[PDB]
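Enquirer: Sharing input-v1.txt (compact mmCIF, C-alpha atoms and all ligand atoms) below.
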```txt
# COMPACT_ATOMS: atom_id res chain seq x y z
CA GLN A 4 -175.52 3.02 -190.16
CA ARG A 5 -177.84 0.09 -189.42
CA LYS A 6 -177.30 -3.04 -191.48
CA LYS A 7 -179.97 -3.90 -194.05
CA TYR A 8 -182.15 -7.02 -194.10
CA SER A 9 -185.22 -8.29 -195.89
CA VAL A 10 -187.59 -11.15 -195.05
CA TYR A 11 -189.00 -13.01 -198.07
CA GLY A 12 -191.47 -15.91 -198.16
CA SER A 13 -195.10 -16.65 -197.24
CA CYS A 14 -197.44 -14.47 -195.17
CA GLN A 15 -195.22 -15.59 -192.29
CA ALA A 16 -192.28 -13.54 -193.65
CA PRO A 17 -193.69 -10.00 -193.05
CA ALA A 18 -194.93 -11.24 -189.69
CA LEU A 19 -191.44 -12.37 -188.69
CA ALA A 20 -190.10 -8.95 -189.69
CA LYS A 21 -192.70 -7.23 -187.47
CA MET A 22 -191.69 -9.45 -184.60
CA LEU A 23 -187.92 -8.90 -185.05
CA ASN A 24 -188.41 -5.14 -185.31
CA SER A 25 -190.18 -5.17 -181.91
CA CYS A 26 -186.95 -6.21 -180.17
CA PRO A 27 -185.03 -3.00 -179.16
CA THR A 28 -181.57 -4.58 -179.63
CA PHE A 29 -182.46 -5.92 -183.00
CA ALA A 30 -184.05 -2.58 -184.17
CA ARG A 31 -180.88 -0.72 -183.04
CA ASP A 32 -178.80 -2.87 -185.42
CA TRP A 33 -181.05 -3.54 -188.39
CA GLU A 34 -183.14 -1.68 -190.95
CA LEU A 35 -185.82 -3.63 -192.82
CA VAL A 36 -186.07 -3.19 -196.55
CA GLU A 37 -189.52 -4.70 -197.19
CA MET A 38 -190.05 -7.40 -199.80
CA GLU A 39 -193.52 -8.46 -200.94
CA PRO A 40 -194.36 -12.07 -200.05
CA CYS A 41 -194.03 -14.75 -202.77
CA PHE A 42 -197.82 -14.84 -203.28
CA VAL A 43 -198.16 -11.04 -203.72
CA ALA A 44 -195.02 -9.87 -205.56
CA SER A 45 -195.45 -8.73 -209.16
CA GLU A 46 -192.92 -9.42 -211.94
CA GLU A 47 -191.99 -5.74 -211.77
CA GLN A 48 -191.51 -5.95 -208.00
CA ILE A 49 -189.45 -9.17 -208.02
CA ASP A 50 -187.21 -7.92 -210.86
CA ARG A 51 -186.58 -4.66 -208.99
CA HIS A 52 -185.72 -6.51 -205.76
CA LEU A 53 -183.10 -8.67 -207.48
CA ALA A 54 -181.50 -5.53 -208.93
CA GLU A 55 -182.03 -2.95 -206.12
CA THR A 56 -182.82 -4.64 -202.80
CA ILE A 57 -180.93 -7.89 -202.58
CA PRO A 58 -177.43 -6.63 -203.63
CA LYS A 59 -177.72 -4.03 -200.83
CA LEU A 60 -178.49 -6.53 -198.04
CA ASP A 61 -176.40 -7.66 -195.11
CA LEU A 62 -179.05 -10.28 -194.25
CA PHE A 63 -181.59 -12.15 -196.42
CA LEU A 64 -184.04 -14.04 -194.11
CA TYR A 65 -186.19 -16.21 -196.30
CA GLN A 66 -188.52 -19.19 -196.39
CA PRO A 67 -187.92 -21.78 -199.14
CA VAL A 68 -189.75 -20.96 -202.38
CA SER A 69 -189.38 -23.57 -205.12
CA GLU A 70 -188.71 -22.81 -208.79
CA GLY A 71 -191.96 -24.69 -209.49
CA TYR A 72 -194.11 -22.30 -207.44
CA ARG A 73 -194.10 -19.25 -209.78
CA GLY A 74 -190.85 -19.71 -211.76
CA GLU A 75 -187.14 -19.09 -211.20
CA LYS A 76 -187.64 -15.33 -210.70
CA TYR A 77 -189.48 -15.83 -207.41
CA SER A 78 -187.45 -18.77 -206.09
CA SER A 79 -185.40 -18.54 -202.93
CA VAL A 80 -182.33 -20.11 -204.60
CA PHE A 81 -182.39 -17.54 -207.42
CA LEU A 82 -182.90 -14.59 -205.09
CA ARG A 83 -180.26 -15.55 -202.49
CA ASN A 84 -177.80 -16.11 -205.39
CA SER A 85 -177.79 -12.31 -205.93
CA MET A 86 -176.67 -11.51 -202.36
CA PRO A 87 -173.43 -9.51 -202.10
CA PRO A 88 -170.10 -11.25 -201.12
CA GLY A 89 -170.14 -10.49 -197.37
CA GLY A 90 -173.90 -11.09 -197.06
CA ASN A 91 -175.66 -13.80 -195.07
CA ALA A 92 -178.74 -15.73 -196.31
CA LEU A 93 -180.59 -17.67 -193.58
CA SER A 94 -183.48 -19.96 -194.39
CA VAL A 95 -186.44 -20.13 -192.02
CA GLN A 96 -188.92 -23.01 -191.94
CA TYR A 97 -192.37 -22.62 -193.55
CA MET A 98 -194.69 -23.33 -190.63
CA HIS A 99 -197.58 -25.69 -191.34
CA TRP A 100 -199.29 -27.74 -188.64
CA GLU A 101 -202.68 -29.46 -188.85
CA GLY A 102 -202.53 -31.01 -185.40
CA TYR A 103 -205.04 -28.72 -183.76
CA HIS A 104 -207.62 -28.72 -186.59
CA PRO A 105 -207.16 -31.96 -188.47
CA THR A 106 -210.44 -31.56 -190.38
CA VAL A 107 -209.49 -28.11 -191.85
CA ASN A 108 -207.86 -27.38 -195.18
CA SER A 109 -207.95 -24.89 -198.09
CA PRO A 110 -210.54 -25.43 -200.87
CA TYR A 111 -208.20 -26.16 -203.83
CA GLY A 112 -210.25 -27.22 -206.88
CA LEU A 113 -213.41 -25.51 -205.61
CA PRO A 114 -214.46 -21.84 -205.73
CA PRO A 115 -212.29 -19.50 -203.68
CA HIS A 116 -213.59 -19.26 -200.12
CA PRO A 117 -213.64 -15.72 -198.75
CA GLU A 118 -212.26 -16.98 -195.43
CA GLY A 119 -209.54 -19.23 -196.95
CA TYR A 120 -210.34 -22.34 -194.91
CA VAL A 121 -212.95 -25.04 -195.11
CA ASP A 122 -213.83 -28.11 -193.11
CA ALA A 123 -212.87 -31.09 -195.25
CA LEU A 124 -214.68 -33.52 -193.01
CA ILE A 125 -217.88 -31.61 -193.80
CA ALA A 126 -217.00 -32.04 -197.51
CA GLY A 127 -216.85 -35.85 -196.93
CA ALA A 128 -220.14 -35.72 -195.04
CA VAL A 129 -221.83 -33.78 -197.86
CA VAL A 130 -220.63 -36.44 -200.37
CA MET A 131 -222.15 -39.15 -198.10
CA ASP A 132 -225.50 -37.27 -197.90
CA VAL A 133 -225.06 -36.74 -194.10
CA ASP A 134 -227.26 -33.76 -193.32
CA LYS A 135 -226.00 -30.80 -191.28
CA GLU A 136 -228.20 -31.65 -188.26
CA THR A 137 -226.79 -35.22 -188.06
CA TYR A 138 -223.27 -33.85 -188.36
CA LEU A 139 -223.83 -31.43 -185.46
CA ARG A 140 -225.15 -34.31 -183.32
CA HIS A 141 -221.99 -36.30 -184.01
CA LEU A 142 -219.32 -33.67 -183.19
CA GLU A 143 -218.30 -35.63 -180.10
CA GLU A 144 -217.98 -38.92 -181.98
CA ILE A 145 -215.85 -37.20 -184.63
CA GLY A 146 -213.71 -35.64 -181.82
CA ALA A 147 -213.42 -39.03 -180.12
CA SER A 148 -212.14 -40.61 -183.32
CA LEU A 149 -209.60 -37.83 -183.74
CA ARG A 150 -208.51 -38.19 -180.09
CA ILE A 151 -207.81 -41.91 -180.62
CA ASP A 152 -205.72 -40.86 -183.58
CA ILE A 153 -203.90 -37.87 -182.01
CA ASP A 154 -200.43 -39.47 -181.99
CA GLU A 155 -200.76 -40.58 -185.60
CA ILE A 156 -201.82 -37.04 -186.55
CA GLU A 157 -198.92 -35.46 -184.67
CA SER A 158 -196.44 -37.96 -186.08
CA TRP A 159 -197.52 -37.11 -189.60
CA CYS A 160 -197.39 -33.36 -188.91
CA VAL A 161 -193.81 -33.77 -187.61
CA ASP A 162 -192.77 -35.97 -190.59
CA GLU A 163 -194.13 -33.38 -193.09
CA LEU A 164 -192.01 -30.69 -191.45
CA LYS A 165 -188.87 -32.87 -191.18
CA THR A 166 -189.04 -33.82 -194.86
CA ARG A 167 -189.23 -30.18 -195.88
CA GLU A 168 -186.26 -29.37 -193.55
CA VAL A 169 -184.08 -31.15 -196.13
CA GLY A 170 -184.87 -28.16 -198.37
CA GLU A 171 -185.99 -29.45 -201.78
CA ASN A 172 -187.90 -26.15 -202.09
CA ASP A 173 -184.57 -24.31 -201.66
CA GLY A 174 -182.32 -26.23 -204.07
CA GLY A 175 -181.46 -28.94 -201.52
CA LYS A 176 -180.09 -26.61 -198.83
CA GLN A 177 -181.02 -27.78 -195.32
CA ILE A 178 -183.24 -25.24 -193.53
CA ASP A 179 -181.21 -23.04 -191.17
CA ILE A 180 -183.83 -22.10 -188.59
CA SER A 181 -186.57 -24.56 -187.61
CA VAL A 182 -188.96 -25.19 -184.76
CA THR A 183 -190.28 -28.69 -185.43
CA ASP A 184 -189.15 -30.18 -182.16
CA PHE A 185 -190.39 -27.10 -180.20
CA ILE A 186 -193.85 -27.50 -181.78
CA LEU A 187 -194.06 -31.21 -180.91
CA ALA A 188 -192.88 -30.56 -177.33
CA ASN A 189 -195.16 -27.64 -176.63
CA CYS A 190 -198.25 -28.05 -178.85
CA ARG A 191 -200.47 -29.65 -176.16
CA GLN A 192 -199.61 -27.07 -173.48
CA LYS A 193 -199.68 -23.89 -175.57
CA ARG A 194 -201.69 -22.84 -178.61
CA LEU A 195 -199.06 -22.54 -181.32
CA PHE A 196 -201.31 -22.16 -184.43
CA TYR A 197 -204.58 -20.39 -185.12
CA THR A 198 -204.87 -22.13 -188.49
CA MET A 199 -202.62 -24.73 -190.14
CA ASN A 200 -200.43 -21.99 -191.63
CA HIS A 201 -200.93 -19.08 -189.16
CA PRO A 202 -198.66 -19.38 -186.10
CA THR A 203 -199.75 -17.61 -182.93
CA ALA A 204 -197.65 -14.92 -181.22
CA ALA A 205 -196.09 -17.57 -178.96
CA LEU A 206 -194.69 -19.47 -181.95
CA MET A 207 -193.68 -16.30 -183.77
CA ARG A 208 -191.71 -15.15 -180.73
CA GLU A 209 -189.90 -18.50 -180.65
CA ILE A 210 -188.95 -18.45 -184.36
CA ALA A 211 -187.86 -14.76 -184.06
CA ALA A 212 -185.65 -15.66 -181.02
CA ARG A 213 -184.06 -18.48 -183.00
CA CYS A 214 -183.28 -16.04 -185.80
CA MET A 215 -181.58 -13.72 -183.28
CA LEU A 216 -179.67 -16.71 -181.84
CA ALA A 217 -178.54 -17.64 -185.37
CA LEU A 218 -177.21 -14.07 -185.85
CA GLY A 219 -175.09 -14.38 -182.68
CA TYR A 220 -177.13 -12.37 -180.26
CA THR A 221 -176.78 -13.19 -176.58
CA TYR A 222 -179.85 -14.59 -174.75
CA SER A 223 -179.99 -11.35 -172.65
CA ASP A 224 -180.65 -9.18 -175.77
CA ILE A 225 -183.71 -11.16 -176.93
CA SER A 226 -187.22 -9.82 -176.15
CA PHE A 227 -190.27 -8.91 -178.18
CA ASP A 228 -193.46 -6.91 -177.91
CA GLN A 229 -195.89 -9.37 -176.24
CA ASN A 230 -198.90 -7.49 -177.61
CA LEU A 231 -198.03 -8.33 -181.24
CA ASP A 232 -199.97 -11.21 -182.82
CA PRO A 233 -199.48 -10.77 -186.57
CA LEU A 234 -201.34 -13.75 -187.99
CA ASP A 235 -204.46 -13.59 -185.83
CA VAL A 236 -207.11 -12.80 -188.54
CA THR A 237 -208.76 -16.24 -188.46
CA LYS A 238 -208.92 -18.67 -185.52
CA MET A 239 -210.19 -22.20 -186.04
CA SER A 240 -211.98 -23.96 -183.21
CA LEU A 241 -210.92 -27.43 -181.95
CA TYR A 242 -213.56 -30.14 -182.03
CA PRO A 243 -215.17 -31.43 -178.82
CA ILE A 244 -213.31 -34.24 -177.00
CA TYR A 245 -210.20 -33.75 -179.13
CA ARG A 246 -209.85 -30.27 -177.59
CA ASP A 247 -209.57 -31.78 -174.12
CA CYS A 248 -206.06 -33.16 -175.06
CA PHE A 249 -204.91 -29.52 -174.89
CA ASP A 250 -204.23 -27.54 -171.70
CA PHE A 251 -205.73 -24.27 -172.98
CA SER A 252 -209.21 -25.75 -173.67
CA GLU A 253 -212.35 -24.48 -171.86
CA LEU A 254 -215.51 -26.02 -170.43
CA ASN A 255 -217.92 -25.19 -173.28
CA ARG A 256 -218.88 -27.55 -176.11
CA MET A 257 -216.79 -25.93 -178.83
CA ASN A 258 -215.34 -22.45 -179.00
CA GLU A 259 -216.64 -19.79 -181.36
CA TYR A 260 -214.73 -19.46 -184.62
CA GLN A 261 -213.05 -16.21 -185.64
CA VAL A 262 -213.09 -15.53 -189.36
CA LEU A 263 -211.77 -12.28 -190.82
CA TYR A 264 -211.73 -10.86 -187.26
CA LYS A 265 -215.45 -11.60 -186.77
CA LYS A 266 -216.76 -14.17 -184.28
CA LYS A 267 -219.25 -16.85 -185.28
CA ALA A 268 -220.63 -19.53 -182.99
CA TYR A 269 -219.76 -23.10 -183.89
CA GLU A 270 -223.28 -24.14 -184.99
CA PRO A 271 -223.95 -21.33 -187.51
CA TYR A 272 -220.32 -21.60 -188.68
CA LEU A 273 -220.56 -25.32 -189.48
CA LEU A 274 -224.05 -24.83 -191.03
CA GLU A 275 -222.52 -22.24 -193.37
CA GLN A 276 -219.79 -24.73 -194.32
CA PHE A 277 -222.45 -27.28 -195.26
CA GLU A 278 -224.30 -24.68 -197.32
CA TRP A 279 -221.10 -23.58 -199.07
CA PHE A 280 -220.19 -27.16 -200.11
CA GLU A 281 -223.78 -27.77 -201.24
CA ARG A 282 -223.32 -24.89 -203.73
CA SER A 283 -220.72 -26.89 -205.71
CA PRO A 284 -221.24 -30.00 -207.78
CA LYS A 285 -221.11 -33.09 -205.58
CA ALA A 286 -218.55 -34.73 -207.90
CA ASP A 287 -216.19 -31.77 -207.37
CA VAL A 288 -216.72 -31.84 -203.58
CA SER A 289 -215.89 -35.54 -203.73
CA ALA A 290 -212.70 -34.98 -205.70
CA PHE A 291 -211.70 -32.37 -203.10
CA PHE A 292 -212.39 -34.71 -200.15
CA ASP A 293 -210.44 -37.54 -201.88
CA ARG A 294 -207.41 -35.22 -202.40
CA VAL A 295 -207.40 -34.18 -198.71
CA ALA A 296 -208.06 -37.66 -197.39
CA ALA A 297 -205.42 -39.45 -199.48
CA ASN A 298 -202.60 -38.74 -197.03
CA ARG A 299 -204.74 -38.16 -193.92
CA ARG A 300 -206.33 -41.47 -193.02
CA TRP A 301 -207.72 -40.12 -189.74
CA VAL A 302 -210.15 -38.00 -191.76
CA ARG A 303 -211.71 -40.96 -193.59
CA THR A 304 -211.58 -42.93 -190.31
CA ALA A 305 -213.51 -40.20 -188.47
CA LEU A 306 -216.15 -40.09 -191.19
CA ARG A 307 -216.51 -43.91 -191.03
CA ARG A 308 -216.65 -44.16 -187.24
CA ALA A 309 -219.20 -41.35 -186.98
CA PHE A 310 -221.50 -41.88 -189.96
CA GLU A 311 -221.21 -45.13 -191.96
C1 LIG A 401 -195.88 -23.01 -199.22
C2 LIG A 401 -195.69 -21.93 -200.27
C3 LIG A 401 -195.14 -20.66 -199.64
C4 LIG A 401 -194.71 -22.39 -201.35
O1 LIG A 401 -194.89 -23.78 -201.65
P1 LIG A 401 -193.77 -24.60 -202.48
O2 LIG A 401 -192.53 -23.74 -202.54
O3 LIG A 401 -194.37 -25.04 -203.81
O4 LIG A 401 -193.54 -25.92 -201.55
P2 LIG A 401 -194.38 -26.33 -200.21
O5 LIG A 401 -193.97 -27.71 -199.78
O6 LIG A 401 -194.25 -25.22 -199.19
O7 LIG A 401 -195.92 -26.42 -200.68
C5 LIG A 401 -196.47 -27.61 -201.26
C6 LIG A 401 -197.94 -27.80 -200.87
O8 LIG A 401 -198.03 -28.57 -199.67
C7 LIG A 401 -198.56 -27.77 -198.60
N1 LIG A 401 -197.69 -27.89 -197.41
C8 LIG A 401 -196.66 -27.07 -197.11
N2 LIG A 401 -196.06 -27.46 -195.96
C9 LIG A 401 -196.71 -28.55 -195.52
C10 LIG A 401 -196.58 -29.45 -194.36
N3 LIG A 401 -195.62 -29.25 -193.43
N4 LIG A 401 -197.47 -30.48 -194.27
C11 LIG A 401 -198.43 -30.69 -195.19
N5 LIG A 401 -198.60 -29.90 -196.27
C12 LIG A 401 -197.78 -28.84 -196.48
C13 LIG A 401 -198.55 -26.33 -199.09
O9 LIG A 401 -199.62 -25.58 -198.50
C14 LIG A 401 -198.67 -26.50 -200.59
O10 LIG A 401 -200.04 -26.69 -200.92
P3 LIG A 401 -200.61 -26.32 -202.38
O11 LIG A 401 -199.58 -26.87 -203.33
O12 LIG A 401 -201.94 -27.03 -202.44
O13 LIG A 401 -200.69 -24.81 -202.34
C15 LIG A 401 -197.04 -21.63 -200.90
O14 LIG A 401 -197.14 -22.32 -202.15
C16 LIG A 401 -198.15 -22.10 -200.01
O15 LIG A 401 -198.37 -23.30 -199.87
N6 LIG A 401 -198.87 -21.16 -199.39
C17 LIG A 401 -200.19 -20.75 -199.85
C18 LIG A 401 -201.04 -20.15 -198.74
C19 LIG A 401 -200.71 -18.69 -198.55
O16 LIG A 401 -201.11 -17.87 -199.37
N7 LIG A 401 -199.99 -18.36 -197.46
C20 LIG A 401 -198.79 -17.54 -197.52
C21 LIG A 401 -198.38 -17.36 -198.98
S1 LIG A 401 -197.17 -18.53 -199.64
BR BR A 402 -191.97 -6.90 -194.57
BR BR A 403 -197.44 -8.71 -190.87
BR BR A 404 -192.55 -4.20 -190.01
BR BR A 405 -197.12 -10.10 -212.06
BR BR A 406 -185.93 -25.09 -205.90
BR BR A 407 -176.82 -18.34 -200.29
BR BR A 408 -209.41 -20.12 -200.75
BR BR A 409 -226.42 -30.96 -181.69
BR BR A 410 -190.78 -25.62 -197.31
BR BR A 411 -186.28 -28.45 -184.96
BR BR A 412 -187.50 -27.64 -178.03
BR BR A 413 -202.18 -21.03 -174.89
BR BR A 414 -199.90 -16.68 -178.34
BR BR A 415 -175.52 -11.36 -190.20
BR BR A 416 -177.11 -12.97 -166.78
BR BR A 417 -190.13 -12.23 -175.56
BR BR A 418 -208.10 -19.09 -180.20
BR BR A 419 -205.05 -20.17 -175.80
BR BR A 420 -209.86 -25.23 -177.35
BR BR A 421 -216.17 -19.28 -177.20
BR BR A 422 -225.72 -22.99 -205.89
```
Just dump the structure as structure tokens.
Ligand SMILES: CC(C)(COP(=O)(O)OP(=O)(O)OC[C@H]1O[C@@H](n2cnc3c(N)ncnc32)[C@H](O)[C@@H]1OP(=O)(O)O)[C@@H](O)C(=O)NCCC(=O)NCCS
Ligand SMILES: [Br-]
Ligand SMILES: [Br-]
Ligand SMILES: [Br-]
Ligand SMILES: [Br-]
Ligand SMILES: [Br-]
Ligand SMILES: [Br-]
Ligand SMILES: [Br-]
Ligand SMILES: [Br-]
Ligand SMILES: [Br-]
Ligand SMILES: [Br-]
Ligand SMILES: [Br-]
Ligand SMILES: [Br-]
Ligand SMILES: [Br-]
Ligand SMILES: [Br-]
Ligand SMILES: [Br-]
Ligand SMILES: [Br-]
Ligand SMILES: [Br-]
Ligand SMILES: [Br-]
Ligand SMILES: [Br-]
Ligand SMILES: [Br-]
Ligand SMILES: [Br-]
Expert:
Amino acid sequence: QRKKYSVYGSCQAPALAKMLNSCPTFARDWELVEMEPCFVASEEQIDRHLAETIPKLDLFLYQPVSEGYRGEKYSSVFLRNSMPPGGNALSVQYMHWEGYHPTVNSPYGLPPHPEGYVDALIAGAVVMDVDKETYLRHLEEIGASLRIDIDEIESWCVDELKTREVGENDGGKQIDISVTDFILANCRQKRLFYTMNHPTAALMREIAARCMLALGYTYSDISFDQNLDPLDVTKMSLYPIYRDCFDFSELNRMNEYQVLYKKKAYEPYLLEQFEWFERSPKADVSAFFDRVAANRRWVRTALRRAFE
């Protein structure tokens, strides 16, 4: 009989399960009992898991989910509390990294975007009445400003992760499995994120290996299907000049974007971003830009150096 495990958390949780199941040694030992991610699970589903899934688990692999997110019922502390006596609950870091695409965020406070990501610097430009043609002419100046600020950006990305490692989203329990220092050490040589919250296969393989190491597996047991890339739906493009800090960058101006598995060239993509922001009231676009910018001074700096 294989032991039973579940992986609970963000979109990254099912992806981690896919990756772990692709290792032959791991799949020999473990059977996944699937849990819906924290942003999908219904009340009916989360109640049933506490009663029927969790008490039957040998391993609960989870990302921190605060009580404040959707209530106690969905929280990692509450769920792991229902593990059986001889069970093991291991927390895995929520991966978020804006270092490749420091102008990109999610449009909180604005209509839902069908692609899930918007360019916040474009929001700031729209508020300033910078037209889309001017913005396109200034992509290199924006990228130059970001490149001057690359260490500050990285330092902040690392600090954000380290603070969360303390585990306030998991009742103060320090995160068991993390990759912060790996990300900082490798981010310029290898593409580790397609979007701020979608690790590439390379990063997913590293976090899955660290889970297997935490379970006591020997190095010689650890391998994964290299063809798997679970969070590849949308791929943000790095800005000109800034992209040249990274080893994997090419000799074109800016790579095509991928959104919902479809490619769009950088110019029509950024023109659509302008048009999307222009649909909303300018005051609301401004409130959005101010929220994003408040803890990201490089974004207001780039807008100033390029356009003011
Ligand atoms: C992160 C999440 C799983 C739970 O959040 P939480 O338990 O309340 O605590 P977190 O610190 O993770 O999230 C706090 C906020 O800071 C953001 N954040 C998370 N990690 C971060 C980091 N290292 N640096 C900067 N910002 C970060 C989160 O996106 C979240 O933003 P929001 O409140 O505007 O949604 C979920 O709320 C989330 O942010 N993801 C939404 C996107 C999505 O659907 N992806 C997978 C589903 S969760
Ligand atoms: Br799953
Ligand atoms: Br998946
Ligand atoms: Br799976
Ligand atoms: Br519900
Ligand atoms: Br909590
Ligand atoms: Br526990
Ligand atoms: Br959205
Ligand atoms: Br141009
Ligand atoms: Br977290
Ligand atoms: Br680390
Ligand atoms: Br490392
Ligand atoms: Br790469
Ligand atoms: Br990869
Ligand atoms: Br175990
Ligand atoms: Br050996
Ligand atoms: Br591997
Ligand atoms: Br890519
Ligand atoms: Br690459
Ligand atoms: Br690139
Ligand atoms: Br391209
Ligand atoms: Br409109």
Enquirer: Could you jot down the atom CA of residue A:126 to atom CA of residue A:249 separation for me, Å, one decimal place?
Expert: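 About the pair atom CA of residue A:126 and atom CA of residue A:249: they are 25.8 Å apart.
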Enquirer: By how many Å are atom CA of residue A:147 and atom CA of residue A:258 apart?
Expert: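 Computed distance, atom CA of residue A:147 to atom CA of residue A:258, equals 16.7 Å.
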Enquirer: Determine, using all atoms listed in the file, which residues of chain A have any atom at most 10 Å from an atom of ligand LIG 401 (chain A), and tabulate each with its shortest atom pair and distance in Å to one decimal place, rows ordered by chain and then rising number, as CSV.
Expert:
```
residue,atom,partner,partner_atom,distance
A:11,CA,A:LIG401,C3,9.9
A:12,CA,A:LIG401,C3,6.2
A:13,CA,A:LIG401,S1,3.7
A:14,CA,A:LIG401,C20,4.1
A:15,CA,A:LIG401,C20,6.6
A:16,CA,A:LIG401,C20,8.6
A:40,CA,A:LIG401,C21,6.7
A:41,CA,A:LIG401,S1,5.8
A:42,CA,A:LIG401,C21,5.0
A:43,CA,A:LIG401,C21,7.9
A:66,CA,A:LIG401,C3,7.5
A:67,CA,A:LIG401,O2,6.1
A:68,CA,A:LIG401,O2,3.9
A:69,CA,A:LIG401,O2,4.1
A:70,CA,A:LIG401,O2,7.4
A:71,CA,A:LIG401,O3,6.2
A:72,CA,A:LIG401,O3,4.6
A:73,CA,A:LIG401,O3,8.3
A:77,CA,A:LIG401,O2,9.8
A:78,CA,A:LIG401,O2,7.9
A:79,CA,A:LIG401,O2,8.8
A:96,CA,A:LIG401,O6,9.3
A:97,CA,A:LIG401,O6,6.5
A:98,CA,A:LIG401,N3,6.6
A:99,CA,A:LIG401,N3,4.6
A:100,CA,A:LIG401,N3,6.2
A:101,CA,A:LIG401,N4,7.6
A:108,CA,A:LIG401,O9,9.1
A:109,CA,A:LIG401,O12,7.7
A:110,CA,A:LIG401,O12,8.9
A:111,CA,A:LIG401,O12,6.5
A:112,CA,A:LIG401,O12,9.4
A:119,CA,A:LIG401,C18,8.7
A:159,CA,A:LIG401,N4,8.1
A:160,CA,A:LIG401,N4,6.1
A:161,CA,A:LIG401,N3,7.6
A:162,CA,A:LIG401,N3,7.8
A:163,CA,A:LIG401,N3,4.4
A:164,CA,A:LIG401,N3,4.4
A:165,CA,A:LIG401,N3,8.0
A:166,CA,A:LIG401,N3,8.1
A:167,CA,A:LIG401,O5,6.6
A:168,CA,A:LIG401,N3,9.4
A:170,CA,A:LIG401,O5,9.2
A:171,CA,A:LIG401,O4,8.3
A:172,CA,A:LIG401,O2,5.2
A:173,CA,A:LIG401,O2,8.0
A:183,CA,A:LIG401,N3,9.6
A:199,CA,A:LIG401,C10,8.8
A:200,CA,A:LIG401,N7,6.9
A:201,CA,A:LIG401,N7,8.4
A:294,CA,A:LIG401,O12,9.8
A:295,CA,A:LIG401,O12,9.7
A:298,CA,A:LIG401,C11,9.3
A:299,CA,A:LIG401,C11,9.9
```
Enquirer: Which residues, protein or nucleic acid, reach to within 12 Å of (-179.6, -8.9, -202.6) in the file's coordinates when using only C-alpha atoms, and can you give that as an MDAnalysis selection string?
Expert: chainID A and resid 7:11 36 38 49:65 79:92
Enquirer: Distance atom CA of residue A:268-atom CA of residue A:151, one decimal place?
Expert: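 If I compute the distance from atom CA of residue A:268 to atom CA of residue A:151, I get 25.9 Å.
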Enquirer: Residues within 7 Å of (-217.1, -30.2, -199.0), file coordinates, counting all atoms listed in the file: what are they? Give the list as a list in words.
Expert: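 Looking at atoms near the point gives residues 123, 125, 126, 127, 129, 280, 288 and 292 of chain A.
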Enquirer: Name the residues in contact with stretch 284-286 of chain A at a cut-off of 8 Å, using all atoms listed in the file, excluding same-chain residues fewer than 3 positions from it; report them as a count of residues only.
Expert: 5
Enquirer: Can you work out which one of A:176, A:76, A:5, A:150 has the shortest atom-to-atom distance to ligand BR 410 (chain A), counting all atoms listed in the file?
Expert: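 Counting all atoms listed in the file, the residue closest to ligand BR 410 (chain A) is A:176.
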Enquirer: From the options A:44, A:142, A:28, A:279, which residue's atoms come nearest to residue A:120, counting only C-alpha atoms?
Expert: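 Closest residue, counting only C-alpha atoms: A:279.
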Enquirer: For ligand BR 422 (chain A), which of A:138, A:277, A:301, A:310 is the closest residue, counting all atoms listed in the file?
Expert: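 Distance minimum relative to ligand BR 422 (chain A) lands on A:277.
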Enquirer: What residues of the protein or nucleic acid chains come within 10 Å of ligand BR 412 (chain A) when you use only C-alpha atoms and all ligand atoms? Reply as a list in words.
Expert: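 Within the 10 Å cut-off, the matching residues are residues 182, 183, 184, 185, 186, 187, 188, 189 and 209 of chain A.
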Enquirer: Please tabulate, as a tab-separated table, the residues of chain A that come within 7 Å of ligand BR 405 (chain A), each with its closest pair of atoms and the distance in Å to one decimal, counting only C-alpha atoms and all ligand atoms and ordering rows by chain, then residue number upward.
Expert:
```
residue	atom	partner	partner_atom	distance
A:44	CA	A:BR405	BR	6.8
A:45	CA	A:BR405	BR	3.6
A:46	CA	A:BR405	BR	4.3
A:47	CA	A:BR405	BR	6.7
```
Enquirer: Kindly provide, as a PyMOL selection string, all nucleotide and amino acid residues lying within 9 Å of ligand BR 404 (chain A), counting all atoms listed in the file.
Expert: chain A and resi 17-25+35+37
Enquirer: Could those residues be written to a file, using C-alpha atoms, as a PDB file, keeping the file's coordinate frame?
Expert:
```pdb
ATOM      1  CA  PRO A  17    -193.690 -10.000-193.050  1.00  0.00           C
ATOM      2  CA  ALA A  18    -194.930 -11.240-189.690  1.00  0.00           C
ATOM      3  CA  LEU A  19    -191.440 -12.370-188.690  1.00  0.00           C
ATOM      4  CA  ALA A  20    -190.100  -8.950-189.690  1.00  0.00           C
ATOM      5  CA  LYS A  21    -192.700  -7.230-187.470  1.00  0.00           C
ATOM      6  CA  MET A  22    -191.690  -9.450-184.600  1.00  0.00           C
ATOM      7  CA  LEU A  23    -187.920  -8.900-185.050  1.00  0.00           C
ATOM      8  CA  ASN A  24    -188.410  -5.140-185.310  1.00  0.00           C
ATOM      9  CA  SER A  25    -190.180  -5.170-181.910  1.00  0.00           C
ATOM     10  CA  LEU A  35    -185.820  -3.630-192.820  1.00  0.00           C
ATOM     11  CA  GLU A  37    -189.520  -4.700-197.190  1.00  0.00           C
TER      12      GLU A  37
END
```
Enquirer: Any idea what's packed within 7 Å of residue A:243, counting all atoms listed in the file, ignoring anything in its chain fewer than 4 positions away? Could you give it as number ranges by chain?
Expert: A: 142-143, 146, 256-257
Enquirer: A:244, A:153, A:239, A:302: which is nearest residue A:264, counting all atoms listed in the file?
Expert: A:239
Enquirer: Which residues are near residue A:221? Cut-off 12 Å, only C-alpha atoms, ignore same chain within fewer than 6 positions. Put them as an mmCIF file with C-alpha atoms, in the coordinates of the input.
Expert:
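Wrote it out as around-v5.cif, contents follow:
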```cif
data_model
loop_
_atom_site.group_PDB
_atom_site.id
_atom_site.type_symbol
_atom_site.label_atom_id
_atom_site.label_comp_id
_atom_site.auth_asym_id
_atom_site.auth_seq_id
_atom_site.Cartn_x
_atom_site.Cartn_y
_atom_site.Cartn_z
ATOM 1 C CA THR A 28 -181.570 -4.580 -179.630
ATOM 2 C CA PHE A 29 -182.460 -5.920 -183.000
ATOM 3 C CA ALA A 212 -185.650 -15.660 -181.020
ATOM 4 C CA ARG A 213 -184.060 -18.480 -183.000
ATOM 5 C CA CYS A 214 -183.280 -16.040 -185.800
ATOM 6 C CA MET A 215 -181.580 -13.720 -183.280
#
```
